[PDB]
Amino acid sequence: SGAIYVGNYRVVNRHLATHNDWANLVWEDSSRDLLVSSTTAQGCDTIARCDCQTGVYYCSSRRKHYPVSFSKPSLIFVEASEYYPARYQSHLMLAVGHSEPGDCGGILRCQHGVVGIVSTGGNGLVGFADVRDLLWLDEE
Ligand SMILES: C[C@]1(C(=O)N2CCC[C@H](C(N)=O)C2)CCCCO1
Ligand SMILES: [Zn+2]
């Protein structure tokens, strides 16, 4: 589990969104595994606006932050899980690292701010849903 809290937005994995998230929906995209809902309180996270390919992510199943090198956001084939059939997920970045179902939501960050959240795992790989192209998170 985990979310990004920027401005009056909460960014979560679409497959982990709660009823309150769907009842206060701003935007969702199944192909990216992302959903954004509105919040009453302002958040403290800042979004990175860069092309970094190195950063650090939080792994809840290890209670640890790991430094990683990650690929550029791309369209990647992801195997079937309890939440999605086997399909292509867009705006996904891959790295070598540990990721279980429960690690989704952990933040990946670079020197500029939050880059994305854990969305996929297994086989010694971790995949992150990028948010750096969502410029509207910084306004309204
Ligand atoms: C099985 C695993 C996973 O990769 N997925 C399940 C949850 C949905 C994920 C997706 N397609 O965005 C895929 C391993 C890592 C954490 C989440 O569960
Ligand atoms: Zn950066």
# chains A, B, ... in the order shown; residues from 1 in each chain; ligands from 1

call {"tool": "residues_near_ligand", "arguments": {"ligand": "ligand 1", "cutoff": "9 Å", "atoms": "only C-alpha atoms and all ligand atoms", "output": "PyMOL selection string"}}
result
chain A and resi 13-16+30-34+77-89+92+98-104+118-123+125-129

call {"tool": "write_last_selection", "arguments": {"atoms": "C-alpha atoms", "output": "PDB file, in the first residue's frame"}}
result
ATOM      1  CA  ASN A  13      -2.502   2.329  -7.604  1.00  0.00           C
ATOM      2  CA  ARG A  14      -5.899   2.055  -9.386  1.00  0.00           C
ATOM      3  CA  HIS A  15      -6.156  -1.594  -8.267  1.00  0.00           C
ATOM      4  CA  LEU A  16      -5.835  -0.519  -4.559  1.00  0.00           C
ATOM      5  CA  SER A  30      -6.384   1.348 -16.092  1.00  0.00           C
ATOM      6  CA  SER A  31      -3.590   1.049 -18.717  1.00  0.00           C
ATOM      7  CA  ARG A  32      -1.229   2.891 -16.294  1.00  0.00           C
ATOM      8  CA  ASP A  33      -2.575   1.394 -13.013  1.00  0.00           C
ATOM      9  CA  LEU A  34      -3.139   4.914 -11.653  1.00  0.00           C
ATOM     10  CA  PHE A  77       3.898  -6.717 -21.058  1.00  0.00           C
ATOM     11  CA  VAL A  78       2.905  -7.641 -17.469  1.00  0.00           C
ATOM     12  CA  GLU A  79       1.812 -11.176 -16.482  1.00  0.00           C
ATOM     13  CA  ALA A  80      -1.671 -11.891 -15.083  1.00  0.00           C
ATOM     14  CA  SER A  81      -2.148 -11.035 -11.430  1.00  0.00           C
ATOM     15  CA  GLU A  82      -5.210 -11.069  -9.046  1.00  0.00           C
ATOM     16  CA  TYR A  83      -6.010  -7.489 -10.372  1.00  0.00           C
ATOM     17  CA  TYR A  84      -5.351  -7.500 -14.120  1.00  0.00           C
ATOM     18  CA  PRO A  85      -5.140 -10.121 -16.893  1.00  0.00           C
ATOM     19  CA  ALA A  86      -1.786 -10.447 -18.755  1.00  0.00           C
ATOM     20  CA  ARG A  87      -1.634  -7.199 -20.774  1.00  0.00           C
ATOM     21  CA  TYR A  88       0.471  -4.255 -21.828  1.00  0.00           C
ATOM     22  CA  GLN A  89       0.862  -1.571 -19.127  1.00  0.00           C
ATOM     23  CA  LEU A  92       5.915   1.672 -16.757  1.00  0.00           C
ATOM     24  CA  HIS A  98      12.336  -7.001  -4.675  1.00  0.00           C
ATOM     25  CA  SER A  99       8.549  -6.421  -5.061  1.00  0.00           C
ATOM     26  CA  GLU A 100       5.660  -8.559  -3.587  1.00  0.00           C
ATOM     27  CA  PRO A 101       1.934  -7.984  -3.667  1.00  0.00           C
ATOM     28  CA  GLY A 102       1.741  -5.651  -0.811  1.00  0.00           C
ATOM     29  CA  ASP A 103       4.697  -3.473  -2.025  1.00  0.00           C
ATOM     30  CA  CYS A 104       2.495  -1.567  -4.527  1.00  0.00           C
ATOM     31  CA  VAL A 118       5.545   0.580  -7.271  1.00  0.00           C
ATOM     32  CA  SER A 119       2.975  -1.125  -9.591  1.00  0.00           C
ATOM     33  CA  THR A 120       4.422  -4.537 -10.607  1.00  0.00           C
ATOM     34  CA  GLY A 121       6.814  -7.206  -9.274  1.00  0.00           C
ATOM     35  CA  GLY A 122       8.202 -10.781  -9.290  1.00  0.00           C
ATOM     36  CA  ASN A 123      11.253 -12.513 -10.732  1.00  0.00           C
ATOM     37  CA  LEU A 125      12.097  -7.127 -11.012  1.00  0.00           C
ATOM     38  CA  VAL A 126      10.122  -4.135  -9.702  1.00  0.00           C
ATOM     39  CA  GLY A 127       8.009  -1.916 -11.999  1.00  0.00           C
ATOM     40  CA  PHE A 128       7.003   1.666 -11.284  1.00  0.00           C
ATOM     41  CA  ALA A 129       4.088   3.689 -12.664  1.00  0.00           C
TER      42      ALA A 129
END

call {"tool": "residues_near_ligand", "arguments": {"ligand": "ligand 2", "cutoff": "12 Å", "atoms": "only C-alpha atoms and all ligand atoms", "output": "JSON list (two decimals) with N, CA and C atoms, in the first residue's frame"}}
result
[["chain", "number", "residue", "atom", "x", "y", "z"],
["A", 46, "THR", "N", 6.45, 16.47, -3.40],
["A", 46, "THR", "CA", 6.69, 17.28, -4.62],
["A", 46, "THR", "C", 6.98, 16.30, -5.77],
["A", 47, "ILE", "N", 6.45, 16.55, -6.96],
["A", 47, "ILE", "CA", 6.68, 15.69, -8.10],
["A", 47, "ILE", "C", 7.96, 16.10, -8.86],
["A", 48, "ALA", "N", 8.79, 15.15, -9.19],
["A", 48, "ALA", "CA", 9.97, 15.37, -10.03],
["A", 48, "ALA", "C", 9.56, 15.70, -11.46],
["A", 49, "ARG", "N", 10.30, 16.67, -12.09],
["A", 49, "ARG", "CA", 10.03, 17.05, -13.47],
["A", 49, "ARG", "C", 11.42, 16.99, -14.12],
["A", 50, "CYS", "N", 11.76, 15.80, -14.62],
["A", 50, "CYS", "CA", 13.12, 15.43, -15.06],
["A", 50, "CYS", "C", 13.12, 14.14, -15.89],
["A", 51, "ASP", "N", 14.37, 13.71, -16.36],
["A", 51, "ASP", "CA", 14.49, 12.43, -17.06],
["A", 51, "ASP", "C", 15.51, 11.53, -16.31],
["A", 52, "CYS", "N", 15.55, 11.62, -14.96],
["A", 52, "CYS", "CA", 16.44, 10.72, -14.18],
["A", 52, "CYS", "C", 16.09, 9.25, -14.47],
["A", 53, "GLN", "N", 17.12, 8.42, -14.46],
["A", 53, "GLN", "CA", 17.01, 6.98, -14.55],
["A", 53, "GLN", "C", 17.68, 6.31, -13.37],
["A", 54, "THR", "N", 18.03, 7.08, -12.30],
["A", 54, "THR", "CA", 18.50, 6.52, -11.04],
["A", 54, "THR", "C", 17.72, 7.19, -9.89],
["A", 55, "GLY", "N", 17.43, 6.40, -8.89],
["A", 55, "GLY", "CA", 16.66, 6.93, -7.76],
["A", 55, "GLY", "C", 16.63, 5.92, -6.64],
["A", 56, "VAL", "N", 15.65, 6.06, -5.73],
["A", 56, "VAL", "CA", 15.53, 5.20, -4.56],
["A", 56, "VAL", "C", 14.06, 4.86, -4.36],
["A", 69, "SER", "N", 18.65, 1.70, -10.61],
["A", 69, "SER", "CA", 18.64, 2.20, -11.97],
["A", 69, "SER", "C", 17.36, 1.70, -12.64],
["A", 70, "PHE", "N", 16.62, 2.54, -13.36],
["A", 70, "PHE", "CA", 15.35, 2.13, -13.92],
["A", 70, "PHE", "C", 15.23, 2.57, -15.34],
["A", 108, "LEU", "N", 9.00, 5.76, -5.56],
["A", 108, "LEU", "CA", 10.31, 5.90, -6.20],
["A", 108, "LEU", "C", 10.59, 7.41, -6.30],
["A", 109, "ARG", "N", 11.77, 7.83, -5.88],
["A", 109, "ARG", "CA", 12.14, 9.27, -5.90],
["A", 109, "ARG", "C", 13.54, 9.45, -6.40],
["A", 110, "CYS", "N", 13.81, 10.65, -6.90],
["A", 110, "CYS", "CA", 15.15, 11.04, -7.38],
["A", 110, "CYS", "C", 15.47, 12.35, -6.67],
["A", 111, "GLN", "N", 16.63, 12.97, -7.09],
["A", 111, "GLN", "CA", 17.00, 14.23, -6.49],
["A", 111, "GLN", "C", 15.96, 15.36, -6.65],
["A", 112, "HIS", "N", 15.07, 15.25, -7.65],
["A", 112, "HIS", "CA", 14.08, 16.31, -7.95],
["A", 112, "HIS", "C", 12.74, 16.14, -7.24],
["A", 113, "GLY", "N", 12.48, 14.94, -6.69],
["A", 113, "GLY", "CA", 11.19, 14.69, -6.07],
["A", 113, "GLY", "C", 10.68, 13.30, -6.39],
["A", 114, "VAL", "N", 9.33, 13.13, -6.25],
["A", 114, "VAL", "CA", 8.68, 11.83, -6.51],
["A", 114, "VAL", "C", 8.58, 11.52, -8.00],
["A", 115, "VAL", "N", 9.01, 10.34, -8.40],
["A", 115, "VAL", "CA", 9.05, 9.91, -9.79],
["A", 115, "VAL", "C", 7.85, 9.05, -10.09],
["A", 116, "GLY", "N", 7.46, 8.15, -9.17],
["A", 116, "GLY", "CA", 6.34, 7.22, -9.42],
["A", 116, "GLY", "C", 6.12, 6.30, -8.24],
["A", 130, "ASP", "N", 5.10, 5.64, -13.74],
["A", 130, "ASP", "CA", 5.61, 7.02, -13.75],
["A", 130, "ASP", "C", 4.49, 8.05, -13.56],
["A", 131, "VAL", "N", 4.82, 9.14, -12.86],
["A", 131, "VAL", "CA", 3.88, 10.28, -12.75],
["A", 131, "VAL", "C", 4.48, 11.59, -13.22],
["A", 132, "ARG", "N", 5.71, 11.59, -13.75],
["A", 132, "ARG", "CA", 6.41, 12.85, -14.08],
["A", 132, "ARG", "C", 5.77, 13.60, -15.23]]

call {"tool": "select_by_dssp", "arguments": {"residues": "range 37-109 of chain A", "states": "strand (DSSP E or B)", "output": "JSON, numbers by chain"}}
result
{"A": [37, 38, 39, 40, 41, 42, 43, 44, 47, 54, 55, 56, 57, 58, 59, 64, 65, 66, 67, 68, 69, 74, 75, 76, 77, 78, 87, 88, 89, 90, 91, 92, 93, 94, 95, 96, 107, 108, 109]}

call {"tool": "residues_around", "arguments": {"residues": "residue 36 in chain A", "least_positions_apart": "3", "cutoff": "6 Å", "atoms": "only C-alpha atoms", "output": "list in words"}}
result
residues 10, 11, 26 and 27 of chain A

call {"tool": "write_last_selection", "arguments": {"atoms": "C-alpha atoms", "output": "mmCIF file, in the first residue's frame"}}
result
data_model
loop_
_atom_site.group_PDB
_atom_site.id
_atom_site.type_symbol
_atom_site.label_atom_id
_atom_site.label_comp_id
_atom_site.auth_asym_id
_atom_site.auth_seq_id
_atom_site.Cartn_x
_atom_site.Cartn_y
_atom_site.Cartn_z
ATOM 1 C CA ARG A 10 -3.897 11.568 -3.516
ATOM 2 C CA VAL A 11 -2.207 9.325 -6.158
ATOM 3 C CA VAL A 26 -10.193 13.279 -10.235
ATOM 4 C CA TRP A 27 -8.693 10.924 -12.912
#

call {"tool": "select_by_dssp", "arguments": {"residues": "chain A", "states": "helix (DSSP H, G or I)", "output": "list in words"}}
result
residues 14, 15, 16, 19, 20, 21, 22, 23, 30, 31, 32, 135, 136, 137 and 138 of chain A
